[PDB]
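One structure is given below, encoded as structure tokens.
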Amino acid sequence: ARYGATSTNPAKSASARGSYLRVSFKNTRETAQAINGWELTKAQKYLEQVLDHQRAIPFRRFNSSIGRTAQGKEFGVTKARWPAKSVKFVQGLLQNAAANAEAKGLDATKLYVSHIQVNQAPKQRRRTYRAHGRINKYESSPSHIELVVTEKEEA
Amino acid sequence: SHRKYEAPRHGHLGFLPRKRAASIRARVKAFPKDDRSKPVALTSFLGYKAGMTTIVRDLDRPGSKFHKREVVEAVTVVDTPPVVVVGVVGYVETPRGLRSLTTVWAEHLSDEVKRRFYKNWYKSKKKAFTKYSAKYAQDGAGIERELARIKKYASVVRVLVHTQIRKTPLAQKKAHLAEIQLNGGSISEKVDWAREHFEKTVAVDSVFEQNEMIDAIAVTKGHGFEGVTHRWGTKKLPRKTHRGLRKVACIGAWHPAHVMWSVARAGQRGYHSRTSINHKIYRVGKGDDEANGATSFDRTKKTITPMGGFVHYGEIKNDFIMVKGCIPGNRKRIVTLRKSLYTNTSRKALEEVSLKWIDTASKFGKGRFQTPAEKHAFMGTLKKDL
RNA sequence: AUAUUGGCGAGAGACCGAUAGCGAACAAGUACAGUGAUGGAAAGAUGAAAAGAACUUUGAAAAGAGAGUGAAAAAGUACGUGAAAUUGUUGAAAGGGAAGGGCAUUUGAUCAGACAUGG
RNA sequence: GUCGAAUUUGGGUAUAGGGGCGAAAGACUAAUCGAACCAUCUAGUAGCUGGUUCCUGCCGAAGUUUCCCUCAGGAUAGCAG
RNA sequence: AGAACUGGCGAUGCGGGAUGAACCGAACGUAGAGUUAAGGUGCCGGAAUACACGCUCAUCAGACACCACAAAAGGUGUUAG
RNA sequence: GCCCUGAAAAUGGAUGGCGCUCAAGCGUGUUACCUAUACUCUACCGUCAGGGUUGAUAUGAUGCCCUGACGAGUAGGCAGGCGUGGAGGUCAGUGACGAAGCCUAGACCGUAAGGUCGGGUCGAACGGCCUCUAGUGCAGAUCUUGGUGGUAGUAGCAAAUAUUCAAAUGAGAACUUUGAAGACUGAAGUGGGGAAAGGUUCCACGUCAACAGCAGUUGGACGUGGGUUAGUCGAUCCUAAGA
RNA sequence: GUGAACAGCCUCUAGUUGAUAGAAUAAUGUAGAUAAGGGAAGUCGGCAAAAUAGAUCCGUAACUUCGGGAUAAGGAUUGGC
RNA sequence: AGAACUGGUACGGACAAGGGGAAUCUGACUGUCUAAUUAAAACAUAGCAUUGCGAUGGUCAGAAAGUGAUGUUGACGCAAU
RNA sequence: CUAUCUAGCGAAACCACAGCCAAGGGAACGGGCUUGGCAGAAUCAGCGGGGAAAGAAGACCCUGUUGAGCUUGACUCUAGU
RNA sequence: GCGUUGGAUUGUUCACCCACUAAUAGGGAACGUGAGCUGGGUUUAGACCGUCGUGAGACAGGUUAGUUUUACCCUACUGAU
RNA sequence: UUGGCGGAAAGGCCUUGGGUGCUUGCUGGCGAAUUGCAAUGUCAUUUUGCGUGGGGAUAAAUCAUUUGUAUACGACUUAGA
Ligand SMILES: [Mg+2]
């Protein structure tokens with residue numbers, strides 16, 4: 001408990017977390033935003049296709065030097081990619097949430113992702129050896145991911 | 001600081017920037033001065049460049065070591081089926097330039113052209129000029145009005161024509177559409193000619209004739225990203241140079257403190273627009289003619305098509321223009337053949353040619369025979385046959 | 001009677017308060033380095049009490065979501081408070097080769113000072 | 001380049017810092033050499049370089065004199081509180 | 001580069017000289033109203049595209065102290081003597 | 001006198017710019033107009049000066065009151081104050097019904113150093129006044145120690161010929177095991193043993209958080225165990241340079 | 001096995017197939033090749049490259065410390081049966 | 001070693017494997033050194049020459065010594081250039 | 001084989017604040033100031049003009065009442081003899 | 001507006017000859033241009049000589065050998081979305 | 001509503017014929033206050049979301065796949081009911 005800022009009816013909502021996960025903070029940020037406010041199954045379906053290389057994740061912030069793809073066109077963008085490890089972890093969290101929702105008997109068909117937020121876990125430090133007898137840091141930038149699914153309210 | 005020796009700059013700054021052309025169909029940017037005293041006629045034509053071959057002819061040029069003597073010249077052949085007229089566009093003069101006021105189109109358009117208006121034909125509903133057509137319903141007015149508007153205002157008049165690309169070996173089904181200025185006389189006469197030709201066909205032999213000098217307009221063959229050396233013809237640096245030697249060593253003096261628009265740099269080479277002038281017509285082919293490729297000296301029955309077929313193109317089954325020398329663009333590419341913006345009197349330009357012989361051996365290797373008939377005569381019987 | 005930065009036993013301080021105070025408040029002359037003489041750190045704080053999360057559910061698992069314990073989990077053996085740099089998300093706003101500042105006012109937001117006179 | 005000897009090389013042993021060792025380059029003596037490494041004397045001295053931490057109020061300079069192994073420094077008088 | 005007297009800059013903002021340590025004006029608590037300095041008043045820009053007598057036409061005119069240079073020498077250009 | 005010739009330099013460019021020709025140019029005259037932290041008059045802050053006033057009569061005599069003048073400032077001198085650790089004294093000061101601390105384009109006082117309040121968070125101590133005392137106030141010192149950015153998902157992860165099909169196992173297989181294929185080291189070995197050195201890395205079972213700069217079910221890794229058998233092989237004895 | 005051979009090249013025994021991977025094939029590179037005609041004109045300088053090369057038989061200058069120079073130079077030859 | 005036959009005249013067919021000549025400066029040669037910018041014409045060298053010394057000695061070591069190197073030596077030797 | 005594009009993995013240098021010019025003046029060569037030219041999101045590969053780019057408080061020079069290595073009929077000594 | 005060259009000797013700029021040619025003008029851009037090259041000359045440390053000096057060393061005298069680092073950032077420029 | 005004219009960016013202009021409101025050309029009958037002596041007192045035109053009733057119309061582009069006239073990646077150019 002204690003997620004970031006949410007403004008959603010907790011009674012119509014369910015949520016999931018993952019902490020100290022060894023995936024790229026920057027890549028997974030980019031992909032969390034890719035499905036933000038999405039209806040869960042659209043999200044689910046799309047992420048499955050990004051694995052299949054049929055659509056992609058737009059890279060909007062952590063993105064300089066990244067190649068260009070025709071697949072960014074959809075999202076008005078030139079620079080997108082296919083972050084498998086990120087997609088994969090986000091899927092696990094979506095899956096969990098979805099489980100938690102069923103347990104609360106929320107309507108699977110009304111569910112959209114109402115909150116999704118990656119921030120930065122503590123780094124994991126390894127060493128690289130460099131020319132002239134030096135050492136440099138070779139680190140991991142792990143992620144904390146949290147998200148929330150909620151029932152869309154009706155007319 | 002005063003460059004030690006002097007040399008001319010590499011490359012022409014009048015052909016910048018050296019980028020990819022906007023369209024693959026290079027634009028006609030000038031049509032000939034109009035002489036409104038003579039029959040309404042097209043001022044250019046559209047074709048597909050098919051390949052090159054070789055000619056022999058006597059030269060006619062008093063005072064040349066080669067007068068009254070055979071010379072042998074490269075030619076290029078461009079596949080030139082008839083062009084169909086499907087619209088007229090009228091232009092007015094303004095203090096801001098020529099401007100189009102309307103376009104009036106033909107009642108019926110073929111799929112070939114209609115296809116040019118779509119990116120996904122297979123799955124479109126092909127609604128292209130379907131409401132426009134109905135403008136013909138009414139005994140005329142809507143159409144007849146706009147024709148009248150072009151007569152009243154309108155200062156220059158172009159027809160819209162397209163290629164019949166299906167009459168051509170090309171895989172491409174989408175035809176090429178273009179405006180061509182009508183130079184024959186009188187604005188009113190122009191639009192009538194145009195009206196009368198809607199949906200009708202126009203052949204090259206009504207535009208161009210033997211001995212004529214004509215211009216070619218075409219996008220040049222692409223080559224992708226080039227280095228400085230081949231892109232600009234900059235000089236190789238010595239073998240000894242560190243970090244590579246296809247460069248220019250000095251990109252600039254210290255001031256102006258900015259690399260300047262005139263130094264040579266790597267980037268795109270090819271796929272540029274070129275208007276190439278002064279290409280003499282050496283043949284106007286008839287497609288119905290089974291002796292296309294023959295001469296009053298070489299009496300044999302043969303078509304212009306090489307043994308084996310034009311490499312990377314196929315056969316020539318239509319009217320065609322044969323032009324001396326060479327032309328920008330590559331095989332398969334659309335070319336606009338434009339008439340001269342001027343009255344050349346060159347002597348070279350006035351000469352009337354007559355071919356004596358047209359090469360027809362295979363261009364797919366060192367071909368030794370002009371016709372299947374000649375080959376069999378030479379080789380005698382094989383193990384296939386009979 | 002005098003000396004006494006050592007040793008043993010004691011009483012103290014207008015001394016320092018974990019980057020301070022001895023190098024060491026801790027398995028510190030340790031871990032580690034160096035052939036060697038030598039060099040030599042970092043490192044304290046869940047809670048009154050482990051009551052350290054039974055059980056259910058999702059997951060290959062780590063874990064998540066519930067539940068439960070507790071005065072508190074805005075204390076979960078990453079633990080008291082938990083600043084700054086720097087970061088994610090949310091909300092508002094501006095942005096034709098920097099941004100920031102001064103005097104002034106428009107506009108938006110926000111906050112006031114009133115206080116009492118017969119019914 | 002040399003490649004059967006003024007050859008190459010293991011281990012053992014000896015030479016120690018104004019000392020060694022040098023078919024001699026001031027070379028080599030544990031990534032150190034025109035004097036090794038370690039600790040202490042040692043917080044070495046510095047007319048030179050850098051920095052020197054809250055606010056407001058009042059007054060407010062000098063780059064000149066004389067003397068100095070004085071000339072990027074002092075003392076002396078002046079100006080200032 | 002080096003002296004004399006004074007005034008400055010340095011230690012000092014402000015108004016003018018587009019700009020600018022040193023020129024011109026003028027030295028400074030926080031403000032209101034008025035008036036000026038040096039400098040300006042076609043438009044940029046606050047302020048007469050004001051008034052008056054001349055002079056000047058440059059196929060390289062000219063346009064304001066310090067100040068951002070010009071000379072000898074020539075002209076049947078035009079002016080007045 | 002004005003004008004013209006005399007009058008040649010390097011990126012494109014400067015009466016400040018536009019542009020101006022009975023001028024918006026040059027000489028001269030006359031009015032009006034614009035505008036500085038300057039001048040004039042007034043309010044307020046402070047500084048300095050002069051003067052009055054506890055004579056009995058509530059609350060500051062280093063006070064209250066009246067009057068005139070003045071205000072630039074580096075180096076630097078002096079003054080009056082703001083703030084911190086601790087000390088004597090005092091408010092019989094605040095506090096678990098919430099101390100201290102922290103956060104807050106919320107509020108109020110002060111020219112300022114600062115002080116005060118609300119709200120949030122928090123959990124055990126703390127403050128005002130008169131004094132005493134200093135290890136007492138940071139932006140800088142290529143300052144010290146720690147922590148963090150942009151750089152950047154970037155440079156890169158290209159020497160040593162080379163891999164492929166299938167099955168098995170597994171949550172998961174480009175990378176494990178088995179099979180098949182294709183190849184390499186080519187006995188001057190990528191074979192089989194040792195010396196120095198390491199010290200358990202050997203073998204088995206289990207097994208992946210970390211480590212093996214992709215991966216991992218694999219390992220020289222992690223956990224738990226097992227293992228080195230001498231009259232004859234060495235040391236041991238001998239002597240060598242030398243100690 | 002080839003061959004003068006403990007060379008190079010290919011093999012048997014034994015051992016490996018381990019040194020991120022996928023898709024492309026722009027410039028510029030790093031490493032490996034080739035170029036018509038000319039032939040050092042390039043350049044401080046033939047730097048870099050190229051050319052020669054094993055064996056058999058012929059032949060072999062100046063000079064010389066009489067040992068050399070000398071594989072001097074210059075030529076023919078070379079498989080299979 | 002010889003001969004006949006044979007081929008797109010090829011045949012040390014891959015691998016392997018000296019370019020040559022005429023001179024000038026310089027060091028005789030083989031050898032040596034600046035580990036990590038200098039391999040050289042620098043150092044060495046054999047050869048030549050000079051110097052000291054007959055041991056109660058020459059040259060060198062040590063604070064000193066019943067101390068030490070040459071010396072298990074003796075001028076065809078040791079030491080110094 | 002790289003570069004390039006993709007999955008996984010993921011450093012460093014450097015950083016007052018920043019990043020379009022012309023002229024002017026100015027510590028006499030401006031990204032900033034003054035006057036003009038101008039000026040439109042977000043970007044990819046290349047590039048070597050500029051950032052008087054970046055790497056060790058300048059190797060050269062001078063100053064300092066700062067050294068050290070080395071030499072000598074400088075000054076003052078000393079083992080030895 | 002447009003051209004202004006090919007060579008011999010020299011590290012050279014310069015100089016000087018040969019030769020072609022329409023002509024073989026002169027200059028600037030941090031004496032343009034080294035994260036563009038090269039490294040021949042200068043100007044560290046090796047070394048020979050001549051002059052100088054008792055010597056260590058010195059020479060604006062000759063001679064030989066002597067490590068050329070980084071772009072992935074901004075801007076500019078080339079091209080590309 | 002009858003005719004016409006206007007393409008420089010015409011997008012507006014002139015015209016014919018009636019209908020309808022108003023008519024301050026002129027003569028009457030009413031009304032206005034207290035909004036308290038000024039202060040807030042005439043509504044303009046842009047977009048954009050919704051609301052009703054009528055007329056209307058009934059597509060493509062992108063990804064993926066594919067061509068190679070194209071290409072570093074994007075991009076380009078082809079093909080597919
Ligand atoms: Mg004057």
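We name chains A, B, ... following the order of the structure tokens; residues begin at 1 in each chain, and ligands are numbered from 1 as shown.
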- Go through segment 71-149 of chain A and collect every residue that DSSP, computed from the backbone, puts in alpha helix (DSSP H); the answer should be as a VMD selection string. chain A and resid 84 to 103
I need the chain K residues near chain B as a PDB file with C-alpha atoms (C1' of nucleotides), in the first residue's frame; criterion: at most 12 Å, counting only C-alpha atoms (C1' of nucleotides).
ATOM      1  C1'   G K   6     -17.059  41.511 -62.260  1.00  0.00           C
ATOM      2  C1'   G K   7     -11.090  36.035 -62.162  1.00  0.00           C
ATOM      3  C1'   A K   8      -5.549  40.548 -59.871  1.00  0.00           C
ATOM      4  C1'   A K   9      -7.281  37.890 -54.332  1.00  0.00           C
ATOM      5  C1'   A K  10     -13.445  38.247 -59.251  1.00  0.00           C
ATOM      6  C1'   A K  57     -23.697  12.027 -48.777  1.00  0.00           C
ATOM      7  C1'   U K  58     -22.229   6.367 -47.761  1.00  0.00           C
ATOM      8  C1'   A K  59     -14.340   6.786 -47.840  1.00  0.00           C
ATOM      9  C1'   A K  60      -9.574   6.108 -47.127  1.00  0.00           C
ATOM     10  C1'   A K  61      -4.644   6.468 -45.063  1.00  0.00           C
ATOM     11  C1'   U K  62      -1.348   4.035 -41.936  1.00  0.00           C
ATOM     12  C1'   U K  67       8.727  -4.622 -55.873  1.00  0.00           C
ATOM     13  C1'   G K  68      14.116  -2.627 -56.405  1.00  0.00           C
ATOM     14  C1'   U K  69      13.681   2.403 -61.068  1.00  0.00           C
ATOM     15  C1'   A K  70      14.912   3.600 -53.930  1.00  0.00           C
ATOM     16  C1'   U K  71      17.398   3.069 -49.526  1.00  0.00           C
ATOM     17  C1'   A K  72      22.305   3.818 -43.393  1.00  0.00           C
ATOM     18  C1'   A K  75      12.052   8.028 -46.451  1.00  0.00           C
ATOM     19  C1'   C K  76      11.037   6.647 -51.897  1.00  0.00           C
ATOM     20  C1'   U K  77       8.845   3.531 -55.676  1.00  0.00           C
ATOM     21  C1'   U K  78       5.762  -0.885 -56.967  1.00  0.00           C
ATOM     22  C1'   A K  79       2.051  -5.053 -56.075  1.00  0.00           C
ATOM     23  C1'   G K  80      -1.915  -7.604 -53.360  1.00  0.00           C
ATOM     24  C1'   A K  81     -10.203  -8.879 -52.612  1.00  0.00           C
TER      25        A K  81
END
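Counting only C-alpha atoms (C1' of nucleotides), every residue of chain J that comes within 12 Å of chain B is listed here: residues 2, 3, 4, 5, 13, 24, 26, 27, 28, 29, 30, 31, 32, 33, 34, 35, 36, 37, 38, 68, 75, 76, 77, 78, 79 and 80 of chain J.
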- Output the neighbourhood of ligand 1 as a list in words, that is, all protein and nucleic acid residues with some atom at most 10 Å from the ligand, counting only C-alpha atoms (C1' of nucleotides) and all ligand atoms. residues 64, 65 and 66 of chain E
Within 12 Å of chain B: each chain I residue with its shortest pair, only C-alpha atoms (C1' of nucleotides), as a tab-separated table:
residue	atom	partner	partner_atom	distance
I:20	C1'	B:258	CA	10.6
I:21	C1'	B:258	CA	10.3
I:22	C1'	B:256	CA	11.3
I:29	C1'	B:255	CA	10.5
I:45	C1'	B:267	CA	9.2
I:46	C1'	B:266	CA	6.9
I:47	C1'	B:265	CA	7.7
I:48	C1'	B:251	CA	6.9
I:49	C1'	B:258	CA	4.4
I:50	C1'	B:257	CA	4.7
I:51	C1'	B:257	CA	10.0
I:52	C1'	B:254	CA	10.7
Using only C-alpha atoms (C1' of nucleotides), which residues of chain A come within 10 Å of chain J, and what is the closest atom pair for each, with the distance in Å to one decimal? Give it as a tab-separated table, sorted by chain and residue number.
residue	atom	partner	partner_atom	distance
A:65	CA	J:72	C1'	9.9
A:68	CA	J:81	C1'	8.3
A:78	CA	J:81	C1'	7.4
A:79	CA	J:81	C1'	9.9
- Query: Can you list, as a count of residues only, every residue of segment 206-382 of chain B that DSSP puts in strand (DSSP E)?
  - Reply: 37
